Each structure stands twice: as C-alpha cells, then as structure tokens.
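All of the numbers you see were taken from the coordinates with simple rules; none came from a lab. Every residue, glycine among them, receives a Cβ derived from its backbone with ideal geometry; neighbour counts consider all protein chains shown.
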Amino acid sequence: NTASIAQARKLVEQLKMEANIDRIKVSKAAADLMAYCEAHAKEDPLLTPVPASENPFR
Amino acid sequence: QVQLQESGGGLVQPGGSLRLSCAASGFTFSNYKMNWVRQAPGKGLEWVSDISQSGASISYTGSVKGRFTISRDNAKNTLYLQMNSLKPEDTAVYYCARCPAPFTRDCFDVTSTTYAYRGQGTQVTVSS
Amino acid sequence: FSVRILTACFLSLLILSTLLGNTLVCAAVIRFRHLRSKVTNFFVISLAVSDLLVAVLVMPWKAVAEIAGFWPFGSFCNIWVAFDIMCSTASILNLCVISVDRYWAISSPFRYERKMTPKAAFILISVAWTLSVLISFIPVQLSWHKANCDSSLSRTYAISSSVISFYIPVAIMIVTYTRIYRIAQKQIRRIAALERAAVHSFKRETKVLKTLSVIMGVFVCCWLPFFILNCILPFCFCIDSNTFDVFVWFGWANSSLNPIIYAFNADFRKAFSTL
Amino acid sequence: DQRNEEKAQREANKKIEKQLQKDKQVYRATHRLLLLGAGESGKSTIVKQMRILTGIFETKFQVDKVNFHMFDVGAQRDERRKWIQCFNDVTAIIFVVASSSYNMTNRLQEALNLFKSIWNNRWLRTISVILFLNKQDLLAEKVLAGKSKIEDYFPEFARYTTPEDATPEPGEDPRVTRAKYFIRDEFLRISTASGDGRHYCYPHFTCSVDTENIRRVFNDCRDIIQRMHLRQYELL
Amino acid sequence: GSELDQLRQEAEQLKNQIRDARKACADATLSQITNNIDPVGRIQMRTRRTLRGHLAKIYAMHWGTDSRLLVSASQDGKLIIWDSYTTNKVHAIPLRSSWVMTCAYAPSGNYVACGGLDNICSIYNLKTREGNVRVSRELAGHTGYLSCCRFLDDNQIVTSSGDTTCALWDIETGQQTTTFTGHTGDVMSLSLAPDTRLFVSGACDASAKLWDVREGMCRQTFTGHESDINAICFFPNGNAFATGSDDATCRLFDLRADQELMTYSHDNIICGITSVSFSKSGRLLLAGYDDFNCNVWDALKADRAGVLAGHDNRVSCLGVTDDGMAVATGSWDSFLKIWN
Ligand SMILES: C[C@H]1c2cccc(CCC(C)(C)O)c2C[C@H](CO)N1C(=O)Cc1c(Cl)cccc1Cl
Ligand SMILES: CC(C)CCC[C@@H](C)[C@H]1CC[C@H]2[C@@H]3CC=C4C[C@@H](O)CC[C@]4(C)[C@H]3CC[C@]12C
Ligand SMILES: NCCc1ccc(O)c(O)c1
C-alpha cells in the first residue's frame, strides 16, 4: 500500500506545483497567439501559397 | 479529463445482488468501448465484462458469465455492472477500465496497474 | 449503316472498353505506387500494356476493315498481321506469366518472395514479350503467315505458332491455376477446419472455383474458340473466314476483360475510383 | 557546386539505393514475427525452442532457407496499446498462451482479451496470429488433478465437447482433449468472429511435444503468406 | 486516518481547484475571436518531393534546421536521411533494432536520434569523419518503448519512452541528467519549445504534461484530451502547443492558460492522430490522422484547410520545416510525401 501512498504523494505534489502558477486569461492567451500568428504569417510558405520561385520544393 | 468514479459496492452476502455506478465524465462515453475489470487481493487486474460503444457487443469473463450483467447508459454517461448471484471469489476492487481508442472493438485495459483510463476502484467484497 | 451498324457499334464499343480498361490500369500503376511497387503487379502491368497494344494497333485496323468491307493501309497488311499475332500471343503469355507467378506465390510463397524479385519479374515479362517477338515479328519478316489481305496462317506454322502462342501457355496455365485450386481448396479446408470448428465451408470453396472460372474460364471461353479455329481453318467441316472473324473478336474480347478480371482486386479498385 | 556536390550527392543516393535494394531482398525474404504472451505464459520456452536463441528482445531462425525475425517483448511495460502497433507490417503474431493457466488468475481470459485486442485491432487486423497453446504438458494432468478446472473460469465448457474434426493426442484422456480443444476454440471463437478474410488464427498445441516448434511456425507462416496471396488474388 | 484515501481526496480537491482556476481564466475561448481575422480557405498542398526509399512502414521522422535534410525511421532497421531539395538519400543508417519509433534531427545537423521497442536511444553521427554513419551514443536507461524524442543540442537530448517517464539524456557521457516522472500512461510524443528551455510531452493518459529541461520537474499538466496523445508540437510562439490523440480530436493547449484553447474536432473523421506539427506562423496545424489523410487544421478558425491525399496507410510521422517551407508526411506505406 506504501507504493500507492508514494504515488499519491507524487500526484498531490504535482497538483500543488501546478495550482500555484500564473494562469493568464484565455482571452489574452488567444490574443497573443493570434498576434504571433498574424505577425509570422508573412513568412509562412505553407499558410499563403508560395510560388515556385523561392520555394525549393515546387 | 478522463475520470471514472464507481459508486456502490461494499460488504454484502455471497449470492445476493450488487450494482456499481461508474461515472464516466470527460470524454464521449457513447463512443468508447467501456468495460469492467477487477483486482483481487493477491491477484492482478482481471477483465470482468465489456460492452460496445452503443450496447451491442456485450461480453463477460468466465468467472462472472451468467452471474454479472453489464449495461451502459449513454444518456447519463454511466457504466453499470449489475452483479447477481455473487460468489466468495468476487471479493475484489472492481475498476471501470475504458478502452483507450474510440470507435474500436479492441483495447488493452486488462494490463497491470497504473492504467490511464481506469476507474478509481470500488472494493466490492463479500462475506462467507 | 442499317444491318452492319450493329456489328459496327459492337466493334467500336469493344475497342473503347478495351482502351478504357487498359489505360485505367496503366494510369493506376504509373500514377500511384501501391500498384507498381509490388512484384506481383508487374505482370498485371505487362498484361495491361499488351492489351493497350492490341487495342491501339491491332483492333482499330481490324474493326475499321470489318465496318468498311475493304482493308485500309493495304501496303501495311503484313505489319498488321505481325502486330496482331504479337499482341495476341503477348496477351496469352502475360496471362500465362500471371498464372505462373500466382502459382509460385501460392505453392512456395517463401521461395516466391526470395526468388521472384522485381528483377526476376522483369526477366519473366521480357521472356514473355520476346516469345511474342519470335512468334510474330520473326515469322512475318520471313513471311510464315502465308501459303483484301486476310490473316491466313500457314498450316505448317499455324500448328507451330498457336501451339506455343496459346496451347503451350493454356496447357501450363491450366495446371498452375489447377494447382492453385488444389492448394487454395486445401487452405479453405484448413479454414473450415478452424472456422467451422469454432462455431461448433463450401460458401468460400465455391468462391475460388468462381474466381478461377473468371481468371481462367473466361480466358478459355474467349481465346480457345478462336484458337480452336486458328488450328483447323489453316488445315482446311470447318468454318469459313467470315464467321471466323467473330471468333477473332471473341479472342480480343478477353483483352477487354483482363482489366475487369485481373485488375479487379481491392488494391486495383482503390486507384480506379480516384482516377 | 553546380555539379560538384550535386552529382556527388546523386552518386551517394545511387549507392544508398543499391544498399537499400540489397537489404530489401533480405527484408522481404525474412518474415518478422511478434512473439508475445499473457505474462509468463511459456514464451521463454519458445525463445529457448527457436534457434537456441540484448536479452529477450529478438530471435532469428532460418528453416528451409527461410529466415525469420521473432521479436520478443519480455522487456517492455504492461500497457501494450502503442508498441504493438509497430507490428503492422509483421508477418505473424505468435501468441504463446499457457494452455494450463485458466485458473493460475484466469490467464486464458487475460490472453483472450489480449487475443481479442490483437485480432480486432485497427492495425493488427491484417496480420494472422500463430496461437501457441503452450504449457500443454501441464494441461495433460491439470484437469484430472482437480487443482484447475475449466467451468470455474469458463462456463461454456459444460456446453462443449471434443470436436469431430479434432486430432487428439494418442494416450490422452478425452477430458484433456475436450479441455485442450476448448481453449483452442475459445481463441478461435473470437478469431473467426472477425470475418474479414485477411487473417486467420493458427492454433497449435505447444509444449506438449519437444519437436521443432519453428517447424510449426514455418508451416503456419507458409500458409500465412499462402492465404495472404490467396486473398490477394481473391482465391480465398 | 486512511492516508491512501486521504491523499486521494486531497488530489481530487486539488484537481477541482485547478479546473476552477482554468475555467476562471476561460471566460472566452479561441473560437470566440474568430470574427476578427480572415480565414485561410481550403488550400490543397501537393506532393512536391516523393521519398520512396524505405522498406518497412515509416513510423518516425524529423526535419533539419536547414529545412533540406530530413531523417525518417522505419521498422526495416534503416534510418534514411533524405535530402528534400533534390530527392536524395544522404545516408542510410543500419539500425541495431528493426522496430524503431522515434526520430530526431540535431539542431546543427551533425547528430540524429533513433529508438523504439528496444528501449535504447541510438544516437548516430552524421558529419563524422569516419565516412559512413555509425552509432555515437547508446542511451539505454529506459524500461519502455522509446516512442519519440527531440534534439536540444549535440550534447543533451530528451526522450519520451513507454515506461511512463521522459528523460533528458546527455550525448557526452550517456546518462539521464534528469528524469521527467509523473506520466501515468506511457509517453507517446514530446515537443521542444523554440526557446529550448522547457518541453511538453503527450502521453497515453490524455495528459500532455509540461516539463522544464532546466529544473527537471513537471511545470504544468494539460488534461484536456480523452485518449492516448500520440502526437504533440509546440506552437511557434513557444507559449502554446497542440496535441494529437486517439480520440480523433486535436487540442491547442497554452502554457500561460494551463488548459485547452481550441478543439480541432470533426465528425467526419473518427480515427486517432499520431502526427501533429505547426507551420512557420502556427496558423496551420498539420495533423496526420489515421484515415491515411492529413488534415491541415486552422489553429484559429476551427476547420481543416484541406486534407492531404497520397498516403494510403496510417501516417505516424509528420513534420514542418523550421522555416515553414514544406511539410514532410510519412505514413505506414514506406513513403514520405513532402507537401507545400
Ligand atoms: C516459373 C517457371 C516458368 C513457368 C511457366 C512459364 C515460364 C516461361 C514463360 C512462358 C512463356 C512459358 O509462360 C516459366 C519460366 C521461369 C523461368 O525460367 N520458370 C522456371 O522454373 C525457371 C527456374 C527458375 Cl526462375 C529458378 C530456378 C530453376 C528454374 Cl528451372
Ligand atoms: C514494341 C513492341 C515489341 C512491344 C514492346 C513492349 C513494351 C510495350 C513493354 C516491354 C517491357 C515493358 C516495361 C517492363 C517494366 C516496366 C517497369 C514498370 O515499373 C513500369 C512499366 C515498364 C517500364 C514496362 C513498360 C512497357 C514495356 C516497355
Ligand atoms: N488475332 C489472333 C491471331 C493470332 C493470335 C495468336 C497466335 O498465336 C496466332 O498464331 C494468331
């Protein structure tokens, strides 16, 4: 049973270390995700159709 | 999150009746082949029963074949194991192990301990 | 075109169906790779290419001649007879090589996968095609198909060509598919020894007899009525060359059915829908 | 440069292609085999009875110039839902089941659910299973000793008798053959329940005789590639 | 009293507290700001370079930082190091074990990683002076199948084995500098963040636990999935990551949100996912399903941007170049379709 005790201790320690974090709003999370996406979209050959000029695959 | 809590059980007389209510929340219960496994004191986790995603492919192990009865409730997301005509060897902590891959008729939830989609376990033991 | 329009449309639709099936198999084996990387499928590719040849440079001329009465390209009748014999014996030899490859894969599957390498498959295909070459082009170049330019094979060479173009293939194509039947029904009996015993038969034992009647029986019922007259007509109560022309198309009718017979597996039908 | 590193890379690719074509011959020549069981089900004896062969991870044997790759899994973890998917291009799945372990635990039903998961798998559905009913020498006396019966963990035994198409071992109690073949048909009941035609179980009674078990694998693997090619040509 | 049940109920109340904290910062979702940006449309990528050099089914692959040399793993015992620009095989590494499940290209291009049911991470040297490829480091400390691994540098890597534990290895000596313990199920795939300071690994417990390479502890636990997370890839921003599990759904979790933001679900597809990768901008979520087709999921619009044709077997490996130039998709048909 002490194996289950150690497992439960590890799980409760992990849950304690997970609960005391800075969870930002999902609004702001999606906001910065969208910001990074639209900022890096100008250099995404997969997102926008890339011509066969600078693309070494087409 | 996958989480399975089985209510009921306890200490009853051998040959009576018992019913476990396995609360299946966090996944599409009507799309997984949910089943029942038990782990007797001194024995490994043994498969008990099984039911399809909708309730067609119903199977039981030889120790409970004809005695127990499994029934899934896709509306309430609950898996039941109606245990009838109990035996002195039914003293085990029954888990609600779930098949991991949905829409499949195969899974490996009869393995040893530390299984992901397995119930917490209700100590269903009988007297003599 | 009132009474001859029936046979005209029949010949035209036969040519179109042959070409369609042949180019479908060709596109499925050249575009996709699940029908070309397999060593077994190379012989089906070769059969489909021989059928393409019989449909592009054998059947068109014979059909326009039948629907016109005369013979176009009068100076090219010898080379047309060459192409006809070539494509006919090439179809027969490709069916023979498919049958012998399936027999190697069924009788000795281990020896089949160890010996039947894609190099050996190419060797077998080249052997069939060079047999077709020495049967058609070499005798025509020496004018062995003679004794308004009809195919009249010389009885000295007809009994020597048809015996090795069709009869020697159909003799060994009989035994390979028969030995396949004896081994397939042996495994089916072993399946019934395990399947019927599990629930404790002929529903699947008649499937192999049905599927062998399509891969061999249809080939026999199509080419043999032509080759049984390809050996008697040069010898001569036989039938004239008028009704013999129908049996000639009954032979090429098998080339139209080969994509429906040998390219009918689940692997080939997957690429047929997407193409 | 233009043709200094380009043509050199092409020559290296050609050499790699030659090596890969040389290795493809032995890859298609050898037949990979998955050796697994329900846990101490006698698979160690099969590793012992396979070319007498980095511990129990893979054994290779060659019979009649046909090499095989029998991969043992006696060093992995209990959960077998992901590493077993790597055996999708495997030729045979040699399921070594202790035929006398229906009570010691109910290892048969544990092996049945293991067989049922291997049979009804999404990737192991196109691969047959060479059922090796190991521990048969213990089953030769397990049903008569009373220490391990079938009805306590398989109620279908009362409704079961020795099949007419069975090949009993000379000198065995009909109750043994009725129990030995019940375990065979128990795996075959879920095996033939698939009805796909792409894979069939090969039940053999192993550990009863000390003959070349790889010869039994050879004859089974021969019919495996037979029925696979027969299914390829719609002949079975 | 009943320390086992006491710790179980403490873990339960902590789980409820974490769920309440997640829902507190979840007043909105990623699907609620979809009226503010333009969609991407159904863009059908085509097989630019086809790689047919493998003998068995391709289970793992990885791109190089040069976006030119890609490596791939298969059960035939060969680790083909392709050249995506010219369709050439730069190397064909003879693997020790036939069945391998992981593949990782070094960030410098000098090393490569392999491993599988052998529970051994075989590191091979690529730019070595010995001519052909040989083993560089034999990382053998795992007790389960080494599912996936990634290459931090030519000194230390992290491997996700099937022993429910990940471990940050060390190519210098060959020992686990720190073991990432905490997964209840066997780990199936891990992903390195662009900062390479922390990583998240998706296991078979529907919980892609976020780890930290430096401290060696579990940072966060993302329990939003329902089946075995076989695929995972860190968003190019470094604060988010997607996951591919067997429940036929992909989910984009966020490290700063500790929960799922987007659910890439579709009723037309019921097969699991074992291949997940993001593009250069992260807008396209290349998700390799088990229906032989890869759905280019839009990370912000909740729809696939056009499935990928070609492969006829399950795609268990898929990766996008470091610059997003192309995505090499390898399936169980010994083929590698590179899409663009
Ligand atoms: C499979 C069999 C066969 C069976 C039927 C037909 C043909 C030739 C094609 C034909 C036009 C006759 O249909 C062949 C040739 C082929 C190849 O020579 N072979 C053989 O047995 C030859 C052989 C090989 Cl490979 C290997 C070891 C010994 C020997 Cl002896
Ligand atoms: C001109 C007359 C004599 C007929 C010539 C026969 C031609 C049509 C045949 C003979 C050998 C055949 C080739 C044999 C093998 C292969 C490899 C396969 O992966 C693609 C088709 C391909 C490349 C075949 C194409 C057609 C082919 C060239
Ligand atoms: N168009 C059939 C003509 C033909 C076909 C094959 C032969 O072997 C042959 O001698 C003649």
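Between C:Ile174, C:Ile168, C:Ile191, the distinction of being crowded, with 17+ Cβ neighbours inside 10 Å and not in a loop (DSSP other than H, G, I, E, B) belongs to C:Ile191 only. Residue selection: E:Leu190 fails the criterion of being on the phi < 0 side of the Ramachandran plot, part of a strand (DSSP E or B), in contact with a helix residue (DSSP H, G or I) (Cβ under 9 Å, 6 or more places away or on another chain) and more than 12 Å from chain B (Cβ to nearest Cβ). Residue check: is C:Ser91 within 12 Å of the chain's Cα centre (by Cα) and more than 10 Å from ligand 1 (Cβ to nearest atom)? Spelling it out, C:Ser91 is indeed within 12 Å of the chain's Cα centre (by Cα) and more than 10 Å from ligand 1 (Cβ to nearest atom).
A Cβ distance below 7 Å, combined with a sequence gap of six or more or placement on separate chains, defines the contacts here; from the range C:155-173, residues that are over 10 Å from C:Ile92 (Cα atoms) and away from ligand 3 (no atom under 11 Å from the Cβ) reach residues that are in a helix (DSSP H, G or I) and not small (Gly, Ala, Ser) in the pairs C:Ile172/C:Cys96; C:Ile172/C:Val100. Considering only residues that are touching a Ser or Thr at 6+ places or on another chain (Cβ under 8 Å) and of a type in the set (D, E, K, R), look in the range D:108-153 and name the one that is farthest from the other protein chains (Cβ to nearest Cβ). It comes out as D:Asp137.
When you look at D:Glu79, is it within 14 Å of chain B (Cβ to nearest Cβ) and among the charged types (D, E, K, R), yes or no? Against the criterion (within 14 Å of chain B (Cβ to nearest Cβ) and among the charged types (D, E, K, R)), D:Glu79 qualifies. Under the condition of being touching a helix residue (DSSP H, G or I) at 6+ places or on another chain (Cβ under 6 Å) and crowded, with 18+ Cβ neighbours inside 10 Å, which residue from the range D:141-159 is farthest from E:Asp291 (Cα to Cα)? So the residue we want is D:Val143. Pairs please, first residue from the range C:24-41 and of a type in the set (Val, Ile, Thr), second anywhere and part of a loop (DSSP other than H, G, I, E, B) and more than 16 Å from ligand 3 (Cβ to nearest atom), Cβ atoms under 6 Å, 6+ apart in sequence or on different chains. So the pair list comes out as C:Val25/C:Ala263; C:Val29/C:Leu35; C:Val29/C:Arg36; C:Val39/C:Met116. The strands (runs of 3 or more DSSP E) found wholly in the range D:24-95 and carrying at least 1 residues that are under 14 Å from the mean Cα position of the chain (by Cα) and of a type in the set (D, E, K, R) occupy D:31-37, D:66-72. If I filter the range E:34-43 for residues that are within 12 Å of chain A (Cβ to nearest Cβ), touching an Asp or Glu at 6+ places or on another chain (Cβ under 9 Å), of a type outside the set (A, V, I, L, M) and surrounded by 14 or more Cβ atoms within 10 Å (Cβ to Cβ), do I get at least one hit? No, the range E:34-43 contains no residue that is within 12 Å of chain A (Cβ to nearest Cβ), touching an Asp or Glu at 6+ places or on another chain (Cβ under 9 Å), of a type outside the set (A, V, I, L, M) and surrounded by 14 or more Cβ atoms within 10 Å (Cβ to Cβ). Counting the residues of the range C:76-98 that are polar (S, T, N, Q) and either near ligand 3 (Cβ under 9 Å from one of its atoms) or within 14 Å of chain D (Cβ to nearest Cβ) (or both) gives 3. Determine whether C:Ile125 is aliphatic (A, V, I, L, M) and away from ligand 3 (no atom under 16 Å from the Cβ). Considered against the rule, which asks whether it is aliphatic (A, V, I, L, M) and away from ligand 3 (no atom under 16 Å from the Cβ), C:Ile125 comes out as yes. Checked against the criterion of being within 7 Å of another protein chain (Cβ to nearest Cβ) and in contact with a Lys or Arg (Cβ under 9 Å, 6 or more places away or on another chain), the range D:29-41 has at least one qualifying residue. Given the condition part of a loop (DSSP other than H, G, I, E, B), under 17 Å from the mean Cα position of the chain (by Cα) and farther than 29 Å from B:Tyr32 by Cα, answer yes or no: does some residue in the range E:170-179 qualify? No, the conditions are met nowhere in the range E:170-179. Among the residues of the range C:103-143, the one identified as away from ligand 1 (no atom under 11 Å from the Cβ), within 17 Å of the chain's Cα centre (by Cα) and not hydrophobic (A, V, I, L, M, F, W, C) is C:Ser136. Taking the listed residues D:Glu169, D:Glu212, D:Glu156, the one that is more than 13 Å from chain C (Cβ to nearest Cβ), among the charged types (D, E, K, R) and in contact with a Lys or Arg (Cβ under 9 Å, 6 or more places away or on another chain) is D:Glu169, with no other qualifying.
Across the range C:25-42, the qualifying residues are those that are near ligand 2 (Cβ under 10 Å from one of its atoms) and either of a type in the set (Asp, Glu) or assigned to a helix (DSSP H, G or I) (or both), and the one among them that is farthest from the other protein chains (Cβ to nearest Cβ) is C:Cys26.
Each residue in the range E:211-226 was checked for being assigned to a strand (DSSP E or B) and either surrounded by fewer than 23 Cβ atoms within 10 Å (Cβ to Cβ) or touching a helix residue (DSSP H, G or I) at 6+ places or on another chain (Cβ under 8 Å) (or both), and 5 of them qualify. Checking each residue of the range C:223-233 against the condition of being aromatic (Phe, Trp, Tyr), within 16 Å of ligand 1 (Cβ to nearest atom) and over 30 Å from E:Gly310 (Cα atoms) gives at least one match. When the residues of the range C:106-130 are filtered to those that are within 11 Å of ligand 2 (Cβ to nearest atom), more than 22 Å from E:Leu55 (Cα to Cα) and surrounded by 17 or more Cβ atoms within 10 Å (Cβ to Cβ), the one that is nearest to the other protein chains (Cβ to nearest Cβ) is C:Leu124.
Is at least one residue of the range C:47-55 more than 30 Å from D:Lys65 (Cβ to Cβ) and more than 12 Å from ligand 2 (Cβ to nearest atom)? Yes: the range C:47-55 contains one or more residues that are more than 30 Å from D:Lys65 (Cβ to Cβ) and more than 12 Å from ligand 2 (Cβ to nearest atom).
In this structure, does D:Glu11 turn out to be of a type outside the set (A, V, I, L, M) and part of a loop (DSSP other than H, G, I, E, B)?
no
Collect the residues in the range E:272-297 that are more than 8 Å from every other protein chain (Cβ to nearest Cβ) and either surrounded by fewer than 24 Cβ atoms within 10 Å (Cβ to Cβ) or small (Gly, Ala, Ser) (or both), keeping them in residue-number order. Hits for the range E:272-297 are E:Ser275, E:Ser277, E:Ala287, E:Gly288, E:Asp291, E:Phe292, E:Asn293, E:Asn295. Could you list all residues from the range E:54-89 that are more than 22 Å from C:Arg33 (Cβ to Cβ) and either in a loop (DSSP other than H, G, I, E, B) or within 10 Å of chain D (Cβ to nearest Cβ) (or both)? Across the range E:54-89, the qualifying residues are E:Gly64, E:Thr65, E:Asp66, E:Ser67, E:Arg68. Within the range C:181-209, the set of residues being more than 7 Å from chain D (Cβ to nearest Cβ), in contact with a helix residue (DSSP H, G or I) (Cβ under 9 Å, 6 or more places away or on another chain) and of a type in the set (S, T, N, Q) comprises C:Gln185, C:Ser201.
Screening the range C:148-180 for residues that are touching a helix residue (DSSP H, G or I) at 6+ places or on another chain (Cβ under 6 Å) and among the β-branched types (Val, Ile, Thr) and picking the one that is nearest to ligand 1 (Cβ to nearest atom) gives C:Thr176. When D:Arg184 is tested against (1) at the interface with another protein chain (Cβ under 10 Å from one of its Cβ atoms); (2) within 29 Å of C:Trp104 (Cα to Cα), exactly one condition is not met: (2).
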